[PDB]
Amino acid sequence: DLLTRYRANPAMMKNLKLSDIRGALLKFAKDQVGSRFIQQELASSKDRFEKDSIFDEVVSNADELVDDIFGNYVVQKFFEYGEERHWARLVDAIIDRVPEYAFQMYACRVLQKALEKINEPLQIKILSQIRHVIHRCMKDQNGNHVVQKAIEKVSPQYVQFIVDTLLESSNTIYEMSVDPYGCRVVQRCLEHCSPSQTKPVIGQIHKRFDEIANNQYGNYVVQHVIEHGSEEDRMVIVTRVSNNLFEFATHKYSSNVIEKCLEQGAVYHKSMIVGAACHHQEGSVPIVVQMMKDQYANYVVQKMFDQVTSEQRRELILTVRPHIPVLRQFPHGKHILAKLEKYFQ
């Protein structure tokens, strides 16, 4: 009845405080208008006891509020930085159903707010439950964000079980790299995990490099290997793409990998790619010229002109200068050479 009154004439009730909600916290937190009063009060109130008064109502009904369209924000407000005195109780209120909450679209946002704010003992206490559903959680539309959040906010030694799940079986990393949600977990792992953890992960990627490099999601995983992997990792990749420059460049997704190699690679990595592009075939035309005729590889050669040194750019100009006549007669070849005209003068 208290909520029914407050919805009708809200401005006629501008004195309402959180201590007045009392046993109405459930109806308020699950209401569109009610949950905001709670949130606005929690943010604007300077009284620690008013905010603590409803907290036992929050703990008592946490299991019902975490995956509510509106209640999930009320629970999140008590995970904020100025509420550390309440973290341990709130985690215990939800700890046993974390395996469920990881897959729910509202409750997962609460688990992320927890991992973002709480201290390491409680973080490990939440990953304790994610351990039970980790493989299925990595691929979930909701759960992958909880695994991503753990990788960013928890020290590498306490997310080792996530890495060992990537190395669960021989095909796990391929399975994850080609999954629209598991591939995001692999990238976060490449960004934040220790070299002893990322070296076996990058090891599995190399064995099925071609498939992953041309997958609509795995190509992002390969691009993250180039940037965050070792210098030898970039060598094995650049040597791989250099010897198969035409195949990698003329496919929709692996063409982005060659672009990533040019933006990240050192001078001699650029030299391997430029050398392979200008390597004259005895019975045909240089690879860079065929690449300019392709729907995808033409963006790769302009990337070369934008990224290589002047002497390597010099090598490219002496290679395709005899070929502009036959190049202009291919689809979009006029716009391609026009973007390249600043290099042909």
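In this text, the rigid core denotes the largest set of C-alpha atoms whose superposition between the two forms falls within 1.5 Å. Each residue number is its position in the shown sequence, starting from 1.
*Asks:* Just give me the stretch that moves more in 4 other deposited structures of this protein: 317 to 325 or 6 to 14, judged by RMS C-alpha distance after a core fit.
*Replies:* Between the two stretches, 6 to 14 moves farther in 4 other deposited structures of this protein.
*Asks:* After fitting on the rigid core, which stretch moves more in 4 other deposited structures of this protein, 25 to 33 or 40 to 48, going by C-alpha RMS?
*Replies:* Per-stretch check in 4 other deposited structures of this protein: the more divergent one is 40 to 48.
*Asks:* Give the stretch, out of 251 to 259 and 226 to 234, with the larger mean C-alpha temperature factor in the deposited entry.
*Replies:* Going by the record's values, the stretch with the higher mean is 226 to 234.
*Asks:* Name the higher of the two by mean Cα B-factor in the PDB entry, 104 to 112 versus 81 to 89.
*Replies:* That would be 81 to 89.
*Asks:* When you compare the CA B-factors of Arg36, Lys30, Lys303, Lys46 as listed in the entry, which one comes out on top?
*Replies:* Comparing C-alpha B-factors across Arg36, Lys30, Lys303, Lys46, the maximum falls on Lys46.
*Asks:* Tell me which of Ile126, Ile273, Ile202, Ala266 tops the list for C-alpha B factor in the record.
*Replies:* Most elevated C-alpha B-factor of the set, per the entry: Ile126.
*Asks:* Where does the C-alpha B-factor of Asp67 rank in its chain, lowest, middle or highest third?
*Replies:* Middle third of the chain for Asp67's C-alpha B-factor.
*Asks:* In terms of the CA temperature factor given in the entry, to which third of its chain does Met292 belong: lowest, middle or highest?
*Replies:* Ranked within chain, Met292 CA B lands in the middle tercile.
*Asks:* Thinking about Cα B factors across the chain, which third does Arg131 belong to?
*Replies:* Answer is highest: the recorded C-alpha B-factor places it there.
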